[PDB]
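Encoded as structure tokens, the structure appears first; notes follow it.
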Amino acid sequence: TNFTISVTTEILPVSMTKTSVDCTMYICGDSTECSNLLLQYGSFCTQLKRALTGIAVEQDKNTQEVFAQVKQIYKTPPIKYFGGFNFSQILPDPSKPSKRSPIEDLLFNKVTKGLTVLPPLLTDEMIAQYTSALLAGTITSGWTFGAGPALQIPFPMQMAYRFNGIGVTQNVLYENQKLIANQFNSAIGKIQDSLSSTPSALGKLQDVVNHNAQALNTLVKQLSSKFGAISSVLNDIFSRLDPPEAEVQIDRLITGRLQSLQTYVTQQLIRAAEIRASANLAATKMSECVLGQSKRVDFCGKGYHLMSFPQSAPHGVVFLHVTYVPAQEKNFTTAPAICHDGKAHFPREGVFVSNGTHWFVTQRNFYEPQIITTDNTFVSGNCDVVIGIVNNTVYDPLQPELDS
Amino acid sequence: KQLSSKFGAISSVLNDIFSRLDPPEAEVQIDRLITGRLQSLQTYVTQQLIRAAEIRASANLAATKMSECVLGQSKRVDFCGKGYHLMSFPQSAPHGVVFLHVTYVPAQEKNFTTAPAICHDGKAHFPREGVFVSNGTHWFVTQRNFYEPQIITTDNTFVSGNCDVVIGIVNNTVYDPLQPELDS
Amino acid sequence: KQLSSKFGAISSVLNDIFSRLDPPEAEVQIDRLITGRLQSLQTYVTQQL
Amino acid sequence: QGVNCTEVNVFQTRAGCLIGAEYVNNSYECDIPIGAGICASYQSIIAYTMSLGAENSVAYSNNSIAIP
Ligand SMILES: *[C@@H]1O[C@H](CO)[C@@H](O[C@@H]2O[C@H](CO)[C@@H](O)[C@H](O)[C@H]2NC(C)=O)[C@H](O)[C@H]1NC(C)=O
Ligand SMILES: *[C@@H]1O[C@H](CO)[C@@H](O[C@@H]2O[C@H](CO)[C@@H](O)[C@H](O)[C@H]2NC(C)=O)[C@H](O)[C@H]1NC(C)=O
Ligand SMILES: *[C@@H]1O[C@H](CO)[C@@H](O[C@@H]2O[C@H](CO)[C@@H](O)[C@H](O)[C@H]2NC(C)=O)[C@H](O)[C@H]1NC(C)=O
Ligand SMILES: *[C@@H]1O[C@H](CO)[C@@H](O[C@@H]2O[C@H](CO)[C@@H](O)[C@H](O)[C@H]2NC(C)=O)[C@H](O)[C@H]1NC(C)=O
Ligand SMILES: *[C@@H]1O[C@H](CO)[C@@H](O[C@@H]2O[C@H](CO)[C@@H](O)[C@H](O)[C@H]2NC(C)=O)[C@H](O)[C@H]1NC(C)=O
Ligand SMILES: *[C@@H]1O[C@H](CO)[C@@H](O[C@@H]2O[C@H](CO)[C@@H](O)[C@H](O)[C@H]2NC(C)=O)[C@H](O)[C@H]1NC(C)=O
Ligand SMILES: *[C@@H]1O[C@H](CO)[C@@H](O)[C@H](O)[C@H]1NC(C)=O
Ligand SMILES: *[C@@H]1O[C@H](CO)[C@@H](O)[C@H](O)[C@H]1NC(C)=O
Ligand SMILES: *[C@@H]1O[C@H](CO)[C@@H](O)[C@H](O)[C@H]1NC(C)=O
Ligand SMILES: *[C@@H]1O[C@H](CO)[C@@H](O)[C@H](O)[C@H]1NC(C)=O
Numbered sequence: 000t001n002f003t004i005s006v007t008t009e010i011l012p013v014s015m016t017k018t019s020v021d022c023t024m025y026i027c028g029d030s031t032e033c034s035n036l037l038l039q040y041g042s043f044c045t046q047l048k049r050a051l052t053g054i055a056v057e058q059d060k061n062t063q064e065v066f067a068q069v070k071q072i073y074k075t076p077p078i079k080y081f082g083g084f085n086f087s088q089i090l091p092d093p094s095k096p097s098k099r100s101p102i103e104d105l106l107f108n109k110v111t112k113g114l115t116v117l118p119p120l121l122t123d124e125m126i127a128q129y130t131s132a133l134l135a136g137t138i139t140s141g142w143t144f145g146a147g148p149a150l151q152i153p154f155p156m157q158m159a160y161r162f163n164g165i166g167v168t169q170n171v172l173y174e175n176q177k178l179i180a181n182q183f184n185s186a187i188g189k190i191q192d193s194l195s196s197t198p199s200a201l202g203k204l205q206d207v208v209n210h211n212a213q214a215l216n217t218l219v220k221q222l223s224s225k226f227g228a229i230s231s232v233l234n235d236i237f238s239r240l241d242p243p244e245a246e247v248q249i250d251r252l253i254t255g256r257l258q259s260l261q262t263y264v265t266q267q268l269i270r271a272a273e274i275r276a277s278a279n280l281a282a283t284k285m286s287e288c289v290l291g292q293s294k295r296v297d298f299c300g301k302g303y304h305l306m307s308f309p310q311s312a313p314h315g316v317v318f319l320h321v322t323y324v325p326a327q328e329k330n331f332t333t334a335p336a337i338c339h340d341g342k343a344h345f346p347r348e349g350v351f352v353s354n355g356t357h358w359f360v361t362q363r364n365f366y367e368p369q370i371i372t373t374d375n376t377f378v379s380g381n382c383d384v385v386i387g388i389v390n391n392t393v394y395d396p397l398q399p400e401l402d403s
Numbered sequence: 003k004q005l006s007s008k009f010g011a012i013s014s015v016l017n018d019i020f021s022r023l024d025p026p027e028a029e030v031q032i033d034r035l036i037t038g039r040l041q042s043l044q045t046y047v048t049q050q051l052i053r054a055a056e057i058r059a060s061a062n063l064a065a066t067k068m069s070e071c072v073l074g075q076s077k078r079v080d081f082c083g084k085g086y087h088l089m090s091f092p093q094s095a096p097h098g099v100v101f102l103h104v105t106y107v108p109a110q111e112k113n114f115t116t117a118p119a120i121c122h123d124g125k126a127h128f129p130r131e132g133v134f135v136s137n138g139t140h141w142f143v144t145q146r147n148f149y150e151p152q153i154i155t156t157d158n159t160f161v162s163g164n165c166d167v168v169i170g171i172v173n174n175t176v177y178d179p180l181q182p183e184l185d186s
Numbered sequence: 000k001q002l003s004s005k006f007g008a009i010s011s012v013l014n015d016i017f018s019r020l021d022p023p024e025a026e027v028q029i030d031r032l033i034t035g036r037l038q039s040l041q042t043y044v045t046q047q048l
Numbered sequence: 003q004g005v006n007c008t009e010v011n012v013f014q015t016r017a018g019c020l021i022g023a024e025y026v027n028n029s030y031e032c033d034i035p036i037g038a039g040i041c042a043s044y045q046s047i048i049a050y051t052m053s054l055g056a057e058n059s060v061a062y063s064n065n066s067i068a069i070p
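Chains as they are written, first to last, in the working numbering: chain A, 0 to 403; chain B, 3 to 186; chain C, 0 to 48; chain D, 3 to 70.
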């Protein structure tokens, strides 16, 4: 008999910081003779370079598939009034230098040598602009811009269509529009406070960053490891050991470093495959839950999905999956059919509901009793074949027209 | 190309090494060469496993796509093509497949004055499945995808309560189709 | 099979090598057999991951 | 990348410095990524910022629907 506002958050990493280290300085440092020795050993360094370039381009493809899904850039209207709803928590703040939402700024603040790193092609500013454009598209134009050109639609019409997608009429939305807006604002504030009070909410990105840091530290330690040699420094060996000698020592050092770096490359590309699967799932979530209304069960969060409000995140993306969860149930009498004039009557779109005295019709998700008439019911078969049928009359609206 | 590398040996040919070097160290050189080729093969087969896993994942994704929007019609939006998908005719490919997806795209948009419902006879006439539009002086009901004007009647509109709680309603007459039969 | 393999060493048991061979080159044989066991086990854990 | 060309028409970006490109204030679409939102394309060589897309921001109306 009552509606409860529901919203759940989801965390999905997208990409990590790509790295590219030259093999010669990584293994042999500045030794020219070591480079000459590894020249004829094989084309392993070319394979590593090709692999890292492939990882970089597939991470870029994953990022542009997750974020850059629209060919048009949308800007929010200056009038921040859509019938009474609040959009300050999701709209970017012009006063902030990062041009991000307060929730986006909060999640950015929460998320915190012989090696080189490459910055991403698209920084957080363009991702934030893409998210703001798609939020403007899904607010002002709804899902019309998803399947073609952007078409203006009223926001109450958007909630009415979203409620009718799951089987809720617009009369209860019209009756409690202010209540719906107040409940949505209260839920948004509550989840904002919960995200501000939860340091482990974004634990997936922190886990990925910590795993990368542990991997690079372990590889640095393996570089510092002697691997069962006289010393871990090639220059001291060259300045002390015989130049005809120590060839086997430096060969075992470089092949141990090669084994360590190939283990690192294999685990990095397997983690890249894992994050590619995660980015594919995120892309499906963008294509189905975000651009339009998805009727899929338990795909866009807990409960009946209404709309989702994705936002930019460092090395990932967040999910503001606003859903609907019913509450305040009550016992009611059930009958599969109504026996009127020897014929069985069935509800066209609802279920027969009674409190013990009078039989009515209501939807399966909300308690909206209505007078059982001829237009909202269809008649087929008889009463003896069906089981559980009860006796009641059916009002005919056509009769009083010609009764007078 | 991995077979044409010395791998730390004096030469890439093994028969000459066996003929020249003493077998006590020739066997060590042969062991080093074959174990280096063994790491080459293990890297190649690990790359093959990664490629096979990626190909299997892509094949599973394609199987889900063809189960959704090839055998029938998928109600999901933008799952297998931009816009509203209608039908698809996929074609064969060597060691692959191509999905020829046909979609529906609207065109020729036009502005229309709209109202949430119609306040007539002290009651609100909400649309059952359409949306009310106006061209400036007359009101019509249309769908959410195509401009199909129609006179607002009692069959296509349902009434649930009065027309004062709602915001932004307008006043317009509702034609009852049952009246003209007994009007005469 | 990998732990039972000699991996080009003299014996698969370190006790016989320690009690028979001199301390020179015994650590070389031990290192060779254990690193064969290593490369086998990193390959193994790669297929299991 | 990663350094400045002063300590080696040069334009210096966050990712690095590119030699032989002329910076243009107009923003176009590039085919070869570089990094940090900087894009370069042939025709000597023009350097610019990657275009996000076409700009279209229709005014929101609570009484007008663009029905096709
Ligand atoms: C559904 O439950 C909510 C929560 O109790 C009701 O909202 C309350 O409404 C009363 C008066 O209508 C207010 O005094 C309270 O402040 C409201 N509480 C909250 C948390 O909003 C709502 O009225 C219920 N729905 C119906 C149809 O009765
Ligand atoms: C939307 O919600 C925000 C957040 O609560 C509202 O901003 C508050 O406004 C009051 C005055 O109306 C101030 O006292 C608070 O300090 C503001 N809070 C924050 C976090 O800025 C805002 O008024 C609401 N309405 C609109 C239209 O934005
Ligand atoms: C079951 O619900 C119906 C619908 O509200 C009730 O019928 C009305 O009840 C009110 C007060 O309860 C009366 O003022 C109306 O005159 C009743 N209308 C009709 C057509 O009977 C009915 O009383 C309820 N029954 C029980 C046992 O609670
Ligand atoms: C619902 O009403 C029908 C008739 O409107 C009832 O059918 C009658 O049942 C009695 C005894 O079971 C017979 O003597 C009559 O001849 C039946 N009438 C007809 C027209 O067949 C039916 O029993 C009622 N249901 C319940 C649960 O009482
Ligand atoms: C809105 O549409 C209605 C329905 O077509 C128009 O009413 C007719 O308009 C035509 C010419 O536009 C006249 O020839 C008919 O006589 C009109 N019908 C009646 C019953 O008078 C109406 O003119 C349109 N209004 C606008 C502003 O375009
Ligand atoms: C639609 O018609 C109703 C009914 O006449 C209008 O409601 C009247 O509004 C005036 C203006 O304040 C009041 O003096 C009357 O008492 C109202 N009548 C009733 C029965 O409540 C309403 O204003 C009309 N709306 C439009 C947009 O024309
Ligand atoms: C219906 O009545 C039963 C019997 O007391 C009770 O166990 C159940 O909780 C009731 N359900 C509702 C929704 O009131
Ligand atoms: C509707 O009117 C607005 C405001 O004049 C305009 O911006 C928009 O392009 C119009 N749309 C159509 C389809 O005519
Ligand atoms: C549409 O919005 C404007 C300003 O936000 C408001 O003045 C107007 O009354 C709204 N339209 C309706 C029908 O309420
Ligand atoms: C550019 O060169 C200046 C020296 O004039 C130096 O201070 C600065 O750090 C360089 N920029 C970068 C990104 O290194």
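Positions of the beta carbon are idealized from the N, C-alpha and C atoms, including for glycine.
Against chain C, the CB of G82(A) has no partner CB under 8 Å away; the residue lies outside that interface. With respect to chain C, the C-beta atom of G227(A) has a partner C-beta closer than 8 Å.
Taking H314(A) as the centre and dropping the five residues before and after it, the same chain places the C-beta of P12, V13, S14, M15, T16, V110, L204, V207 and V208 closer than 8 Å to its C-beta, in chain order.
Against chain B, the beta carbon of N170(A) has neighbours under 7 Å at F128, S162 and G163, listed in chain order. By the C-beta criterion, the segment 41 to 48 of chain B is judged not to be in contact with the segment 22 to 31 of chain B, since fewer than 3 inter-stretch pairs fall below 8 Å. Identification of residues in the segment 44 to 57 of chain B having a C-beta nearer than 8 Å to some C-beta of chain C yields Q44, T48 and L51, given in sequence order.
Contacts with chain C (Cβ-Cβ distance below 8 Å) from the segment 14 to 40 of chain B involve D33, listed in chain order.
Comparing alpha carbon positions, the residue from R270(A), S230(A), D297(A) and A200(A) closest to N211(A) is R270(A). Chain A has a Cβ within less than 8 Å of the Cβ of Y86(B). Checking the DSSP bridge columns, you'll see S66(D) partnered with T115(B).
The beta carbon of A200(A) sits closer than 6 Å to the beta carbons of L194 from its chain, once the five residues preceding and following it are set aside; these are given in chain order. The beta carbon of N6(D) sits no closer than 8 Å to any beta carbon of chain A. In terms of beta-carbon proximity, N58(D) stays away from the interface with chain B, with every pair separated by 8 Å or more.
Listed in chain order, the alpha helix (DSSP H) elements of length 4 or more contained wholly in the segment 132 to 207 of chain A are 154 to 165, 170 to 174 and 176 to 195. C-alpha of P96(A) to C-alpha of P198(A): approximately 24 Å in a straight line. C-alpha of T156(B) to C-alpha of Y177(B): approximately 7 Å in a straight line.
For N28(D), the nearest beta carbon of chain A is not closer than 8 Å to its own beta carbon. In the three-state reduction of the DSSP assignment, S286(A) falls in the helix class, which pools H, G and I. Interface criterion met: the Cβ of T122(A) is under 8 Å from a Cβ in chain D. Residue contact with chain B for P148(A): present (Cβ-Cβ distance below 8 Å to some residue of chain B).
Assignment of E9(A) by DSSP, reduced to helix, strand and coil, places it in the strand class. A direct Cα-Cα distance of roughly 56 Å separates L215(A) from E328(A).
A281(A) is the residue among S353(A), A281(A), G302(A) and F351(A) whose C-alpha sits nearest the C-alpha of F318(A).
Under the 10 Å beta carbon count, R22(B) is surrounded by fewer than 16 other beta carbons and is classified as exposed.
Between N11(D) and chain A, the shortest Cβ-Cβ separation is not below 8 Å. For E57(A), the enclosing alpha helix (DSSP H) has its first and last residue at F43 to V65. Contact of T144(B) with chain D is assigned, a C-beta pair being separated by under 8 Å. DSSP places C22(A) in the helix class (H, G or I) of the three-state scheme. In terms of Cβ geometry, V324(A) and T8(A) do not form a close pair [threshold 8 Å].
Nearest neighbour of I179(A) by Cα position, chosen from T322(A), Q369(A) and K342(A), turns out to be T322(A). With a cutoff of 7 Å, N330(A) counts as near ligand 7, since its C-beta is closer than that to a heavy atom of the ligand.
Ranked by how close their Cα comes to the Cα of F134(B), the residues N164(B), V172(B) and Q4(B) have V172(B) in first place.
In the assembly as shown, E131(B) is an exposed residue. Its beta-carbon has fewer than 16 other beta-carbons within 10 Å. Rounded to the nearest whole angstrom, the CA to CA distance from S66(D) to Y50(D) is 39 Å.
Chain-order list of chain A residues neighbouring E111(B): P148 and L150, by C-beta distance under 8 Å. When 8 Å is used as the limit between beta carbons, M156(A) is near these residues of chain B: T116, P118 and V133, in chain order.
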